[PDB]
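Q: Quick one, what's the 3D model for this:
(chains A, B, C and D, ligands or ions: 2)
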Protein chains: 4
Amino acid sequence: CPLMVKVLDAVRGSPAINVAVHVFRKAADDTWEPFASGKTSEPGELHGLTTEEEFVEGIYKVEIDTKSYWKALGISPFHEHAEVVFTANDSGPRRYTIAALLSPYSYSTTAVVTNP
Amino acid sequence: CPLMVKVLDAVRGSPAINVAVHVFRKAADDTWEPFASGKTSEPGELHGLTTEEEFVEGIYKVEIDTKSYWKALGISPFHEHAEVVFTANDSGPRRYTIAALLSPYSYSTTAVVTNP
Amino acid sequence: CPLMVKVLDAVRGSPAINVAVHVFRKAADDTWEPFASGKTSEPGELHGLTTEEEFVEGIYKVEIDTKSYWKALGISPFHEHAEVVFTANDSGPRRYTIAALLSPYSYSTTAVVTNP
Amino acid sequence: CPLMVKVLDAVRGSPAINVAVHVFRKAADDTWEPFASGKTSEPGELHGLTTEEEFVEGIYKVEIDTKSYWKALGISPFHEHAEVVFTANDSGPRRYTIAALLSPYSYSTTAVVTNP
Ligand SMILES: O=C(O)c1ccc2nc(-c3cc(Cl)cc(Cl)c3)oc2c1
Ligand SMILES: O=C(O)c1ccc2nc(-c3cc(Cl)cc(Cl)c3)oc2c1
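A: Numbers count the residues shown, from 1 in each chain, chains lettered A, B, ... in the order given. Ligands and ions are numbered 1, 2, ... in the order given. Take a look at the structure below.
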């Protein structure tokens, strides 16, 4: 999979299930174009977002709807969403895991980038 | 100072100095209006962004130009920038510290919301 | 696997390979007894540390030798090691993933706990 | 103040107040000698732990009693405590801030090492 998202919950010590994720690609007119979307499944993972052929060089945005997640557990969170923005495949194709660790008033995000 | 920003470097164990920060407010029309900007000082802080009068309830975005910071150090970074999007709510007096901890392929952010 | 360790590198955006990990269990005389050890493999994972039958209730310590890792890349890190200490299986058997994200002057750790 | 400790709560977006901290120094004989302790104050800080005279090169351990902090809030935590182990080196004047960000199943820590 060229693009995978992994979300974890720091409060419950569990994968973050049913979290909505939207991915955008920057178009030539500098607007964000919709690229792919999905919801995390039971291990907190979102697979199947794109293919190698479609995932060309560009600037991508991964938006994680953290607010809906915390609201469904009763918590009013601080952030509206978590956004990760990066250039992808500018030196050739890579495989990208975007991971996020979520708390109500905090989040962390890292990237694991591997060369197939 | 209802709004302060603090930026730390996880690679060198130092405040992140000379980091550009821009702050935006969501307009009645769905777009981001420039609200305030600055560069972090020696203790990695940015003060004096707004006043109690102007800092009304709303949705705000803090953008931190992480990519120029790592490029200045000779380290190749993943993210184009770090963004923090949140709602500011009147519900007591409230001062906001937005803190960010930076690594080349990872960042963390938290909010410290106190009341004087 | 009842106990799995996952280590990531925040500087290179890669799994942390060949990291030594030592696991201890608190004995009845309040000393730390050696329980298991290993080195992370290519995806940054350490499997095979114990079995369900051997992994009884108790207090466990997972020590990750972060210093040797950073020294082998040329960096003098801040921490001597990263230690995670927790009670395990006190409500029945669980499966535990201990994850760590490493920078030279920082680290993060979380736990994912699942009920088989 | 060559040594300061700061503790933040990621669940409530607040300084972590009344957290017990103990500091240890590694003795010529491989054991941890008590060096200093205290409880965090309102801004989540612990000051006045040592002096420039006493704070000699060595290996130090900072232990943060996270488990009592979460139990006070009615939240079931994973870790028994958070420990930070590091070497203090004479190589310039150096003041150490040890910062920790706390969630029930996760914590992060960083060091801010500056020079006056
Ligand atoms: O690729 C996977 O399977 C995978 C697994 C566990 C993982 N744990 C982390 C993780 C840990 C901390 Cl403390 C902070 C953040 Cl942002 C991430 O990312 C993971 C990725
Ligand atoms: O030295 C201070 O005064 C001071 C202030 C705010 C601070 N916020 C951080 C912080 C942020 C994140 Cl996301 C993760 C971690 Cl571990 C730490 O450390 C601080 C230190």
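Q: what are the phi and psi angles of residue A:49?
A: phi -70, psi -30 (degrees, to the nearest 10).
Q: need the contact list for it.
A: Counting by Cβ atoms under 8 Å, 6 or more residues apart in numbering or on different chains, residue A:49 makes contact with A:1, A:3-5, A:23, A:36, A:38. Any C-beta I mention is one placed from the backbone N, CA and C, and that applies to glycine too.
Q: same deal with residue A:95?
A: A:1-4, A:113-116.
Q: hmm, which of the residues you listed are the buried ones?
A: Neighbour counting with 16 or more other Cβ atoms under 10 Å in any protein chain shown marks A:2-4, A:113 as buried within the contacts of residue A:95.
Q: out of those, which one sits closest to residue C:97?
A: residue A:4 (16.8 Å; Cβ to Cβ).
Q: does that closest one really touch residue A:47, like I thought?
A: Yes: A contact is recorded between residue A:4 and residue A:47 when judged using Cβ atoms under 8 Å, the distance being 5.8 Å.
Q: picking up where we left off before, switch the contacts of residue A:95 over to TSV; also include secondary structure and distance to residue C:96.
A: Formatted as TSV, those follow (DSSP: H, G, I helix; E, B strand; the rest coil; distance: Cβ to Cβ, whole Å):
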residue	secondary structure	distance to residue C:96
A:1	coil	26
A:2	coil	30
A:3	strand	28
A:4	strand	23
A:113	strand	27
A:114	strand	25
A:115	coil	31
A:116	coil	31
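Q: Near chain C, list only the ones from the residues you listed.
A: A:113-114 (Cβ under 8 Å from any Cβ of the partner chain).
Q: Spell out which parts of chain A neighbour chain D.
A: So chain A meets chain D at A:9-13, A:78, A:101, A:103-106, A:108 (Cβ under 8 Å from any Cβ).
Q: Report the two of those residues separated the most.
A: A:13 and A:78 (20.3 Å).
Q: Just want to know which of those two has more residues nearby.
A: residue A:78 (26 against 22; other Cβ atoms under 10 Å in any protein chain shown).
Q: Direction included, what does whatever helix or strand residue A:34 lives in pair up with?
A: Element membership for residue A:34, per DSSP states H and E: strand A:32-39. Strand A:32-39 has these partner strands in its sheet, going by DSSP bridges: strand A:20-26 (antiparallel).
Q: for the residue of chain A found nearest ligand 2, what are its contacts?
A: Residue nearest to ligand 2 within chain A: residue A:106 (5.9 Å; Cβ to the nearest ligand atom). Taking Cβ under 8 Å, 6+ apart, we find residue A:106 in contact with A:10, A:78, B:108-111, D:10, D:13, D:101, D:103.
Q: Show only the entries of the residues you listed found in strands.
A: B:108-111, D:101, D:103 (DSSP state E).
Q: What about residue A:51, how many residues nearby?
A: The burial count for residue A:51: 10, using other Cβ under 10 Å.
Q: Equivalent analysis for residue A:109, please.
A: Residue A:109, neighbours per other Cβ under 10 Å, totals 24.
Q: With residue A:83 instead?
A: 22.
Q: Can you name the residues of chain A that neighbour ligand 1?
A: A:6, A:97, A:99-101, A:108-110 (Cβ under 6 Å from any ligand atom).
Q: so does stretch A:50-70 get close to chain B?
A: Yes: residues of stretch A:50-70 contacting chain B under Cβ under 8 Å from any Cβ: residue A:59.
Q: Measure how far that stretch is from the centre of its chain, please.
A: In terms of Cα atoms, centre = their mean, to the nearest Å, the gap separating the centre of stretch A:50-70 from the centre of its chain is 5 Å.
Q: How about stretch A:107-116?
A: 11 Å.
Q: Give me the residues contacting it.
A: A:66, A:79, A:82, A:84, A:86, A:92-101, B:78, B:103, B:105-109, C:8, C:10, C:13-15, C:101, C:108, D:108.
Q: ditto for stretch A:33-45
A: So stretch A:33-45 is contacted by A:3-9, A:14-27, A:46-50, A:60 (Cβ under 8 Å, 6+ apart).
Q: Would you mark the buried spots in it?
A: Here stretch A:33-45 shows A:35-36, A:38, A:40, A:44-45 as buried, counting by 16+ other Cβ under 10 Å.
Q: and residue A:86, bridged to which residues?
A: As for beta bridges, residue A:86 partners with residue A:60, residue B:79 under DSSP bridges.
Q: Report the separation between it and residue A:92.
A: As judged by Cβ to Cβ, to the nearest Å, residue A:86 and residue A:92 stand 15 Å apart.
Q: more crowded one of the two?
A: When neighbours are counted by other Cβ under 10 Å, residue A:86 and residue A:92 differ, and residue A:86 comes out ahead with 21 against 8.
Q: gap between the two ends of stretch A:96-113?
A: 5 Å (Cα to Cα, to the nearest Å).
Q: Do I have it right that residue A:97 meets residue A:6?
A: Yes: counting by Cβ under 8 Å, residue A:97 does reach residue A:6; the two are 6.2 Å apart.
Q: which of the buried residues of stretch A:33-45 lies closest to residue B:74?
A: residue A:35 (31.7 Å).
Q: just to confirm, which helix or strand has the residue of chain A found nearest ligand 1 in it?
A: As assessed by Cβ to the nearest ligand atom, ligand 1 sits closest to residue A:99 within chain A, at 3.4 Å. Assigned by DSSP H and E, residue A:99 falls within strand A:95-103.
Q: Nothing else from me, thank you.
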